[PDB]
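Let me begin by presenting the structure, written as structure tokens, before commenting on it.
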Amino acid sequence: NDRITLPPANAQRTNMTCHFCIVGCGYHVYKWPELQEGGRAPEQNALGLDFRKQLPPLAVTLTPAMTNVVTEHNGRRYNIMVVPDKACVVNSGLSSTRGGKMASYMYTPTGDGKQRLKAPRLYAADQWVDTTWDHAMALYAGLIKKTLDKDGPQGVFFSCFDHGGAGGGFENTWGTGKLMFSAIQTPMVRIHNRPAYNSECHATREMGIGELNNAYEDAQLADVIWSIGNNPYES
Amino acid sequence: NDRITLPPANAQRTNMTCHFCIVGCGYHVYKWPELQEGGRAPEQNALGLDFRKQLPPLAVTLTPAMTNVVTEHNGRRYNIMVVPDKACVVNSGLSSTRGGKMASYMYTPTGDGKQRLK
Amino acid sequence: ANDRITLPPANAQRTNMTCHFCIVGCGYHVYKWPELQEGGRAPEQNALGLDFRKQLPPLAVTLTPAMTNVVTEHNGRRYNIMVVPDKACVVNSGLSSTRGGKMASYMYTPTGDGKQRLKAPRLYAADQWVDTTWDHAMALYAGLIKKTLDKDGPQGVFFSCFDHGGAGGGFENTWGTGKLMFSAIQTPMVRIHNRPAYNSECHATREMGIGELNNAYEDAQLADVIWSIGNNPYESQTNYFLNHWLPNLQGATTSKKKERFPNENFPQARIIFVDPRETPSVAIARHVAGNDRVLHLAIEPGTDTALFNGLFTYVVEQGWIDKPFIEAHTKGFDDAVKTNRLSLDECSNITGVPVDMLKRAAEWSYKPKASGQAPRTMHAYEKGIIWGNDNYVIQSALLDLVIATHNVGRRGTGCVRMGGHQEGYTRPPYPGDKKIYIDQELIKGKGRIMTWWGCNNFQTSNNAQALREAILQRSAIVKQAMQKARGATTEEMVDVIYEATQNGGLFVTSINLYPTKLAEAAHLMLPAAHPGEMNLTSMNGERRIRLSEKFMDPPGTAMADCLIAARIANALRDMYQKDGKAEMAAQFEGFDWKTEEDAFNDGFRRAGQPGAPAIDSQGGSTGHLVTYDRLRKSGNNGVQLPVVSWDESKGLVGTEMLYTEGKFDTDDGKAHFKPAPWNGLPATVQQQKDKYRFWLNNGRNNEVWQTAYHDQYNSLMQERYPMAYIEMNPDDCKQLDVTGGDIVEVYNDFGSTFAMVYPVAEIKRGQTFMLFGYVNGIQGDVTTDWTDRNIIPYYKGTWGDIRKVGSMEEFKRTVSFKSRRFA
Amino acid sequence: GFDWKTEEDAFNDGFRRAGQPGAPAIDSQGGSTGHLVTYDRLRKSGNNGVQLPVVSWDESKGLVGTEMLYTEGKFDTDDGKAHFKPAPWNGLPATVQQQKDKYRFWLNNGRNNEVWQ
Amino acid sequence: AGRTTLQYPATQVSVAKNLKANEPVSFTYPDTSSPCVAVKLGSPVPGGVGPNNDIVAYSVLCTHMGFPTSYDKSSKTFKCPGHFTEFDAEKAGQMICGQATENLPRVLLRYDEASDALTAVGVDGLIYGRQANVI
Amino acid sequence: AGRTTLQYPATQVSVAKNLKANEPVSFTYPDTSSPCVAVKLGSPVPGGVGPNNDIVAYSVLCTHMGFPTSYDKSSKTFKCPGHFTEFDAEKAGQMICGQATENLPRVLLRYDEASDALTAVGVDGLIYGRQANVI
Ligand SMILES: Nc1nc2c(c(=O)[nH]1)N[C@H]1C(S)=C(S)[C@@H](COP(=O)(O)OP(=O)(O)OC[C@H]3O[C@@H](n4cnc5c(=O)[nH]c(N)nc54)[C@H](O)[C@@H]3O)O[C@H]1N2
Ligand SMILES: Nc1nc2c(c(=O)[nH]1)N[C@H]1C(S)=C(S)[C@@H](COP(=O)(O)OP(=O)(O)OC[C@H]3O[C@@H](n4cnc5c(=O)[nH]c(N)nc54)[C@H](O)[C@@H]3O)O[C@H]1N2
Ligand SMILES: Nc1nc2c(c(=O)[nH]1)N[C@H]1C(S)=C(S)[C@@H](COP(=O)(O)OP(=O)(O)OC[C@H]3O[C@@H](n4cnc5c(=O)[nH]c(N)nc54)[C@H](O)[C@@H]3O)O[C@H]1N2
Ligand code: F3S
Ligand code: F3S
Ligand code: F3S
Ligand code: FES
Ligand code: FES
Ligand SMILES: [Mo+4]
Ligand code: NA
């Protein structure tokens, strides 16, 4: 539709890296009670932008896809606005079409996230049903335990993210890795994008050059850029 | 949320029998362009009800669940409002909880009918 | 027992008590239990719920021996009491000032600080103090008043009486006294405890349509800026400053401002003090907020009107005003712009405040914030301007500024009194049509009988020396006439005294907790009872009415002042009935009161009801919704007056802020600007200034309450402040060859008094500050007779010389002369 | 070693323990200065964060990190030198070549701008 | 306009400590034709306010056809005499059984610790018989 | 034992001659939750101990609400950061200005000329946040 609820001047503002690609573009998440809004005057909204008249090109990235209304565990409703940070060095206020959708892909009961998993699901032989976390752990841990006791770790398989961002990151790769490798101690583990426990960059690492060896500023300082097997406007 | 778009006085009105149970309660479907609305004065909306002041009990059955915005094959967006007929002999303006949700369970790309087989 | 305390048992009786003393009205609990029981250290085995099996962390309790006592009741049985702050009370959130903290110690016990409490009628029988009966006291006192009414009319009967709340005030007591003075006796010859006529501190602000207690304590939490004008609030309104102001200055309330106002900027809160003196409050504000968020406008004494006229002129010229507010809700603005016009240069010359500081105060306070809204600026004032250079004009000037800047009626604003005592006023209208300077009347030889009731003007009158001189001499005439009597009946004695008053004498009565210095002149003293010895209602500086519950007996035959008034009324009624004067008897009807609650029902709860007489009440016409039982259910949180609604399920619902719809208390509903001329200091004060060296500023100490009626008996207080002190500049000190603990005479044309020297680096050269009202070295001897148009004294306006008496070696051994300005 | 109440606990246990005394073997992109990073320090850094590895931290400077690797010619090998490798050309794998021999089209594949994963 | 939100009034209900457990208080919000109840439930619930996070408030008009519902203290529900709809006070107005298609609307209360005040500041859900909560 | 006195420990602080003028020494008495200071003031005071009758000692917990006070060497006072109470170390803990109703408790020291020892043996006044000085 044809309007947006502005964030109030005093709206809560947190930092958020884009969920998706490597670039890691910086965003701000504005959060505020559903029944409040910002004024159009630049000092009466959190963006500091003058919505009393048309904005010029490059002044903002703001669409309805960058907004949502979330319902929290306390039942209270809050406007959210997920928008690129102008002062972030990575993106200087740019948002791709993918990161631009983050607000829409936050969980709400009626929105794009409506079919988010909200509890353990069990296929009880011939039908999907809910189950409790304790039952899920008893079944899952129970199996893992049985397999360890009878087959050793080689009976327990994973394919797991090793990556960053949403569905990855330092807390998550540690958690999964400690579980799989230090606790269960299974070698029967692959990675999200490749079917063994390996690297994309064996040769370059063994040649002494880790594959992320520069700054984005280096792309600014180059005479020539090669893009090899790479569609970077899109990727 | 906390408001409803009223049907304009000249809104299109068709007849609909409830989708569900045997009783076959009578309903009216009001359809109008998304960017139009009715006035609160009773003669400026299709329901003929006075929304300038609180309505008394039994005056209407109307909630947001009884409203939707459909997108037609031409791409154009239309408000719908699916409400019980006060003069139908079967129900005399009553809606059950099941029939009352018919608007919500019409096909729209973003609503409850989003997963409809297309 | 110096090194332990008896804990209250888990099942100990607990009642509610509002602090006896200052306006803030902090909430306390009184635990009472038999002497030979105690609580256990386990938190569920004592009434406090605190774990005394190991050290408590900071803020867990306020508890010292001074907060405990053992009382002996009328039945002879002994009970531990513990008087401690209520942690869940919104006013104080468990804080206790040094003054309220001593309540337990200042409860009546036969051996403790209250040992000299008045316990029976005392009579000066010509040449000696003796006890007498209540019936003899009433026959003599009523007898005199009756004789005076019959021969002179009501104009022969004089009072100075409390009008305030808390201990020695409150709604029951102000009603009782007022009903007696005004409805029954019908005397206009009445002054108030702190001022010498029947007037208000707040004539101008009221006539402008703004009652002086127009906000909530929460407003001080929501403000961008707080002004403290003529006000030392850390010392004078401690827990309002500590519990409300400081949290704002620290940033703890920012989130609550932002939640209330989503689209308004809230900078760090700042504080501005208008005070000639650098006080503890200035120092502590600097400590807490940083020097950059405090402005001390150290004006020249008496120059407040110039200050506000300069700020008003500037904010109008900058356009830092609410023109839509002015247009819709005010009258007289354009006139005030003309009459009050003063340039910043002229303002600076008069005040001595530099132009940069004047501009900065306006920029902090009135210049729109970036989001477009005016700062929320709470303007708080007390006695620096109420007893300042022309009470009426200063308020006129200040209110003009406030109204033009819309700093009334918005949350985080208000132009309010900080207050002194608690409030608790319900009285009939004053029965005269003229302002009367009571002290002057007495000094000129008017009146047959003068009653001091809940006040001690020997210590607290302006021009107090002229007063004491005259009252002592007039009392002496009565004493000398009494002396010739032998075997006289009460009635013959009434004739003897009455005759003496026709030859310049005056019969003096005091109705008090203690003898006091008034005993030097009094012929008759009657014992009163304070809160906890009686039930008492009152409200604080945000109009929060609480019930203080009775939990112990008074000393001897001490009575609640409202019931003393009923005693007097009924004695007069009976005399008139006996004398066959049905009409005069009828004027003394309406005092059939057995308990203080009856006075509450008769006054506060009748205001504005059908068939009620004219009653002026701070409860208003919804006062009847308040009952003792309902206040009990409310707790120490009470209700902010006026009450709006009541039912069983909701309780009392009251009023947070006044004037939030822009309807003021005037004929037209608009706030009214007033002209505020600058006329300099009053000639009589200027004459003192021209003749003598030092400005004799005066007022409060944190530790000392008022005329030190309790504190005089407290060994700690007496060791700390054995004499009234005078803060002096160290360079002035060296020139007079004085230092800490020397005694000086302070003197001028009006009087001579005495003080111990307290060198204070923060005092300006040619300026001083003397503790007021004290038991040793009465400050008021050097205050002038000058008052404003409504007979409000310029107590803070006097000058005198200082002469060394000598060095008090004992003061030097035992008293700290170290700095009271924390850094 | 999974007594974790919040995600931060996993950060403290993993990233911040790499290469520390009494730590088990940990392979981290933070390296052995990862302990200098805390959630509160990252908050203060904003969306700019810090380029790993962190070289220094103090309250006045913040996190100071590393712009470019290998600027002094010291590589991640036994001898500190970059190592050239042989690169034989062997054509396509026989498995892929068999598909190419039998069928018409090269079935390239990958990303669309608008679609994530 | 700009504005996408309704202009709700801020209406004092009471101070929290005056409310007794399971003893409903009546008030009108956001005007005198909209009857509401606030109740201290006695036990915390999601989104309860006050010192024990247990004070909740509702529009009492049935969201079916608008009869004033009555608070039952024994079940902590609101019951409609019209077509027997019942709403749970402890589940944010969830319909237990009935003919409505909308939960009982919640009156949003601010609780201020400093004053102990409860202020009605908004409504979550649409009040019966209204085009918008604010007329 | 119908005993009327508390059972104070005897705790060695130091020898007097190790104390430098106006340089506070910290110790605990009568247990490790009770912080104390002893200071040589440099000039005799009433009840000062040691060779120059000038050593004094105190509980440092504010008798208002219990914050540890700090000794200011320039003023010879103890200052509380909580509500700005300040005690005089040269006037037996007299409150200069503040919200307390009790002077700062004095730690009673025996001074033995034979050994030069200073021993904490008692407390005059009640230490914050305790039913008795000895728990
Ligand atoms: N120089 C100078 N003079 C001043 C001032 C100033 O700033 N400068 N300030 C003025 C101000 S603001 C004040 S309020 C006045 C105060 O002047 P006063 O009112 O004279 O002084 P208080 O100490 O409040 O007097 C209270 C008296 O009543 C007694 N009392 C206490 N409780 C009770 C009770 O329950 N019943 C009865 N019947 N008596 C009770 C006390 O023992 C005491 O004698 O002084 C004024 N005088
Ligand atoms: N600790 C304690 N607290 C009390 C009391 C008490 O006795 N002890 N009494 C209670 C009562 S009844 C009252 S009235 C209040 C009084 O509370 P305050 O009025 O806050 O106290 P005061 O010390 O009388 O005076 C306040 C300031 O007025 C300043 N002043 C003097 N002359 C001028 C002048 O011309 N202009 C300006 N702008 N300021 C000037 C003084 O320097 C002083 O700091 O306190 C109440 N609280
Ligand atoms: N929009 C969007 N962006 C993404 C993603 C996404 O799903 N959507 N995924 C992210 C991830 S996980 C990754 S791995 C990157 C992928 O980023 P890229 O690798 O940039 O993307 P691709 O589309 O897989 O392939 C890049 C190019 O390889 C070419 N190519 C095919 N075969 C050969 C060959 O034999 N040699 C050479 N030299 N080139 C060849 C293809 O024509 C193609 O344009 O994108 C990331 N960004
Ligand atoms: S917005 Fe997201 S999808 Fe990549 S280009 Fe930026 S990190
Ligand atoms: S389900 Fe049945 S009761 Fe009526 S509204 Fe629908 S026909
Ligand atoms: S304890 Fe008492 S003296 Fe005032 S600051 Fe509180 S009402
Ligand atoms: S009107 Fe309430 S259940 Fe129908
Ligand atoms: S806690 Fe020390 S002054 Fe209050
Ligand atoms: Mo006063
Ligand atoms: Na005699």
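Residue numbers (this note's numbering), protein chains in the order written: chain E, 219 to 453; chain Z, 11 to 128; chain H, 1314 to 2136; chain W, 8 to 124; chain Y, 4 to 138; chain G, 4 to 138.
Every residue, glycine too, gets a C-beta built ideally from N, C-alpha and C.
Test item: CB-CB of residue i and residue j under 8 Å
{"i": "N2014/H", "j": "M2083/H", "result": "no"}
{"i": "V52/Y", "j": "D119/Y", "result": "no"}
{"i": "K1983/H", "j": "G1522/H", "result": "yes"}
{"i": "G72/W", "j": "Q58/W", "result": "yes"}
{"i": "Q1631/H", "j": "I1336/H", "result": "no"}
{"i": "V2073/H", "j": "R2116/H", "result": "no"}
{"i": "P302/E", "j": "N263/E", "result": "no"}
{"i": "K82/Y", "j": "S1962/H", "result": "no"}
{"i": "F1471/H", "j": "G1760/H", "result": "yes"}
Close-in-space but distant-in-sequence residues of the same chain around residue i (CB under 6 Å, 5 per side omitted)
{"i": "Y1889/H", "result": "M1897 and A1898"}
{"i": "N1329/H", "result": "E1862 and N1949"}
{"i": "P1593/H", "result": "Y1547, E1548, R2133 and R2134"}
{"i": "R295/E", "result": "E252, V287 and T289"}
{"i": "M68/G", "result": "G85"}
{"i": "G386/E", "result": "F379"}
{"i": "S62/G", "result": "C39, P108 and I130"}
Span separating the alpha-carbon of residue i from that of residue j
{"i": "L1885/H", "j": "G1489/H", "result": "15 Å"}
{"i": "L45/Z", "j": "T285/E", "result": "21 Å"}
{"i": "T1739/H", "j": "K1946/H", "result": "23 Å"}
{"i": "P2106/H", "j": "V1607/H", "result": "30 Å"}
{"i": "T66/G", "j": "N1775/H", "result": "38 Å"}
{"i": "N1662/H", "j": "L1655/H", "result": "11 Å"}
{"i": "residue 1298/H", "j": "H1557/H", "result": "Residue 1298/H is absent from the structure shown; chain H starts at 1314 and stops at 2136."}
Neighbour flag for residue i against chain C, beta carbons, 8 Å
{"i": "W250/E", "result": "In summary, chain C is missing from the structure at hand, where the protein chains are E, Z, H, W, Y and G."}
Interface partners of residue i on chain Y, CB under 8 Å
{"i": "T223/E", "result": "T7 and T8"}
{"i": "residue 1275/H", "result": "Past the boundaries of the shown model lies residue 1275/H; chain H is included only from 1314 to 2136, so the question cannot be answered."}
Same chain only: Cβ atoms within 7 Å of residue i, ignoring 5 sequence neighbours per side
{"i": "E1833/H", "result": "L1785"}
Under 8 Å from the C-beta of residue i: neighbouring residues of chain G
{"i": "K1367/H", "result": "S36 and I138"}
{"i": "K1891/H", "result": "Result: empty, since nearest Cβ-Cβ is about 52 Å, beyond 8 Å."}
Within chain W, partners of residue i - CB distance below 9 Å
{"i": "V307/E", "result": "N54 and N55"}
8 Å CB neighbourhood of residue i in its chain, flanking five on each side removed
{"i": "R412/E", "result": "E418"}
field: Residues proximal to ligand 4 by C-beta, any heavy atom closer than 6 Å
entry: Those residues are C236/E, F238/E, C239/E, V241/E, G242/E, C243/E, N309/E, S313/E, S314/E, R316/E and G317/E, given in chain order.
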